Amino acid sequence: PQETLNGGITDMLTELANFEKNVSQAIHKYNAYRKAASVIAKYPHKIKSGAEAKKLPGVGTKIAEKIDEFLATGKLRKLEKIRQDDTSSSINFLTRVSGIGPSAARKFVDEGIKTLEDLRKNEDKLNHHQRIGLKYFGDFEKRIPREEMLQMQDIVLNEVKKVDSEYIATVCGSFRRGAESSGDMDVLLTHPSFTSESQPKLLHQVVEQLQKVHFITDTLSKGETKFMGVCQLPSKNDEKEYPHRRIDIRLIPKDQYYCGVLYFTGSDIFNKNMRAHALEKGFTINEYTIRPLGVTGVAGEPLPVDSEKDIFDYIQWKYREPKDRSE
DNA sequence: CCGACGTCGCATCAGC
DNA sequence: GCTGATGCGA
DNA sequence: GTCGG
Ligand code: NA
Ligand code: NA
C-alpha cells in the first residue's frame with residue numbers, strides 16, 4: 001500500500017504516539033496510536049471518514065474524530081501546537097539518543113539541555129550508554145543493507161567458530177527472514193556445555209575475540225548472558241568507511257536455543273499467530289520453552305526441543321521458512 | 001467500569 | 001556495602 | 001487510547 005493512500009493519517013498517528021511515550025510518558029497510549037497507525041497503513045483504500053477507519057481494530061472514538069479533523073483541515077490543532085512547543089519537542093527529540101529515555105530527556109530539558117550540541121557540551125552529565133548513543137547518533141539512525149549484514153555475519157560466524165568450534169551462532173531478526181535491510185544485528189549464541197540445569201566465560205570469550213579483530217568497537221552493556229554494543233566492518237582500503245552498527249549477542253542454554261531462535265526471528269505478528277494456535281492445541285510457547293496444558297490450565301514441564309521444526313511438530317503446523325514468517 | 005496493554009538483562013539509582 | 005527499585009532497550 | 005470481561 002502506497003504512503004500517499006493514508007500517509008498523512010499514519011504519520012499523524014505516529015507523531016502523536018511519540019509524544020505520548022517521550023513527553024506524556026503514557027506508554028500504553030503510545031502503543032495504542034502505533035497499533036492504529038499499523039492497521040491503517042495496511043488498509044488498501046483511501047480513508048474518507050473517521051467512521052470508516054473506526055471499523056478497523058485499534059481505531060476507536062478519539063482517533064476517528066482526529067481523522068475527521070485531519071481530512072477536513074489537513075492538520076491537527078493539538079499536534080500543531082505541541083510541535084511548536086519548545087520544551088515538548090526538545091524532550092521528544094533527545095529521546096532519539098540511545099540511552100536517553102523519557103525520564104532523562106525531561107531532566108536534560110529541565111536544566112536547559114535541549115540539543116545534541118548541548119549534550120556534547122555536557123559530557124559529564126551523561127552515563128556511558130548515552131555518550132555512545134551521542135557519539136553514533138547519525139550512524140544508529142541509518143539502516144544496514146543486507147550485503148553489509150552478510151559481511152557482518154561472515155565475521156561473526158568465523159570468529160565464533162575460531163574461539164570454539166562447538167559454539168552455535170545464529171543471526172536472527174528480519175535479516176534471517178530475508179529482509180533487504182536491517183536496523184541492527186541480533187546474534188543468538190549457545191554451546192553444548194551450557195544448559196538450564198547446568199560457564200561464566202562463554203559469552204565474554206566471544207566478545208573478546210570480536211574485539212581483538214576490531215569488529216566490536218564499543219560496549220553499551222555486558223553481563224554473563226547478554227551483550228549490547230557497537231560494531232563496524234573494516235574499511236575497504238581507500239574507500240569511505242562504514243557506519244558504526246548496533247549489535248546484540250545473547251547466550252542461551254542449549255535446551256532453550258531454538259525457542260529463542262524462533263522467537264527472535266519473528267515477525268511479531270507471526271509470533272502472535274503462532275503461539276495463538278498453540279493455545280488452542282494445548283501448548284504454551286514463550287521465548288524460552290514450549291509447555292503443555294493441562295486440563296485445569298496447569299502448565300507442565302518444558303518439552304525437549306532440538307530444532308525449530310520440533311516446535312512446529314508439537315503443535316502440528318508444517319515448518320515454515322524464516323522467509324515466509326511475515327505473519 | 002475498569003484493568004490489561006510480555007517480560008527481562010544490565011546499569012544505575014534510592015534507601016538502609 | 002547490600003538489597004531492591006527504576007530507567008532503558010529489546 | 002482501545003479493547004473486553
Ligand atoms: Na475499531
Ligand atoms: Na533513546
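Chain letters run A, B, ... following the sequence lines, proteins first, then strands; residues in each count from 1.
Take A:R250 and apply the salt bridge (charged side-chain N to carboxylate O under 4.0 Å, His left out) test, not counting sequence neighbours, and it matches A:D186. Partners of A:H129 by ring-ring contact (aromatic ring centres under 6.0 Å, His included), not counting sequence neighbours: none found. For A:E117, the side-chain contact (heavy atoms from CB on, under 4.5 Å) partners two or more places apart in sequence, or in a different chain, are A:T115, A:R120. Looking at residues two or more places apart in sequence or on another chain, you find a salt bridge (charged side-chain N to carboxylate O under 4.0 Å, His left out) between A:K114 and A:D86. For A:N271, the side chain to side chain donor-acceptor pair (under 3.5 Å) criterion is met by no residue, not counting sequence neighbours. The ring-ring contact (aromatic ring centres under 6.0 Å, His included) check on A:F312 picks up A:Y319, with sequence neighbours excluded. Scanning for side chain to side chain donor-acceptor pair (under 3.5 Å) contacts around A:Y257 gives A:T170, with sequence neighbours left out.
Ranking D:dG1, C:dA10, D:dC3 by closeness to the A:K35 side chain, first place goes to D:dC3.
Here A:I27 is tied into one hydrophobic group with A:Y30, each link being a pair of ILVMFWY side chains closer than 4.5 Å.
Atoms CG and CE, from A:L76 and A:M12 in turn, are 5.0 Å apart once rounded to the nearest 0.5 Å.
A:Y30 comes within 4.0 angstrom of nothing in the nucleic acid, heavy atoms only. The residue A:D248 sits close only to the backbone: its heavy atoms come under 4.0 Å of sugar-phosphate atoms, none of a base. Within the nucleic acid shown, A:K226 comes within 4.0 Å of at least one base atom, counting heavy atoms only.
Between the NZ atom of A:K62 and the P atom of D:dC3 there is a distance of 13 Å, given to the nearest Å. Look at NZ on A:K55: it is 15 Å from P on D:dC3, rounded to the nearest Å. Separating the CG atom of A:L13 from the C1' atom of D:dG1 is a distance of 11 Å, rounded to the nearest angstrom. Rounded to a whole Å, the CD1 atom of A:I40 is 10 Å from the P atom of D:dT2. Rounded to an integer number of Å, the gap from A:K222 NZ to C:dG9 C1' is 19 Å. In this structure, CG of A:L16 is placed 15 Å from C1' of D:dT2, rounded to the nearest angstrom. Spacing between atom CZ of A:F264 and atom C1' of C:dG9 amounts to 12 Å, rounded to whole angstrom units.
Applying the ring-ring contact (aromatic ring centres under 6.0 Å, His included) test to every pair with at least one member in residues 55-85 of chain A, sequence neighbours left out, gives no pairs at all.
Against DNA chain C, the stretch residues 18-29 of chain A makes no heavy-atom approach under 4.0 Å. Residues of residues 88-108 of chain A that place a heavy atom closer than 4.0 Å to DNA chain C, in numerical order, are A:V97, A:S98, A:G99, A:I100, A:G101, A:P102, A:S103, A:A104.
Scanning DNA chain B 5' to 3' for nucleotides with an atom closer than 4.0 angstrom to a non-hydrogen atom of chain A gives a first and last hit of B:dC5 to B:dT12.
If you take atom P in B:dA4 and the same atom in C:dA10, they sit 27 Å apart, rounded to whole Å.
A:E147 and A:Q151 form a side-chain donor-acceptor contact under 3.5 Å, judged by distance and modelled atom types alone.
Projected onto DNA chain B by closest heavy-atom contact, A:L220 and A:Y288 fall at different nucleotides, the more 5' of which corresponds to A:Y288.
The aromatic rings of A:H191 and A:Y167 sit perpendicular to each other, their planes meeting at more than 60°, with 30° as the lower class boundary.
Contact check, A:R34 against D:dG1: no side-chain N or O comes under 4.0 Å of OP1 or OP2.
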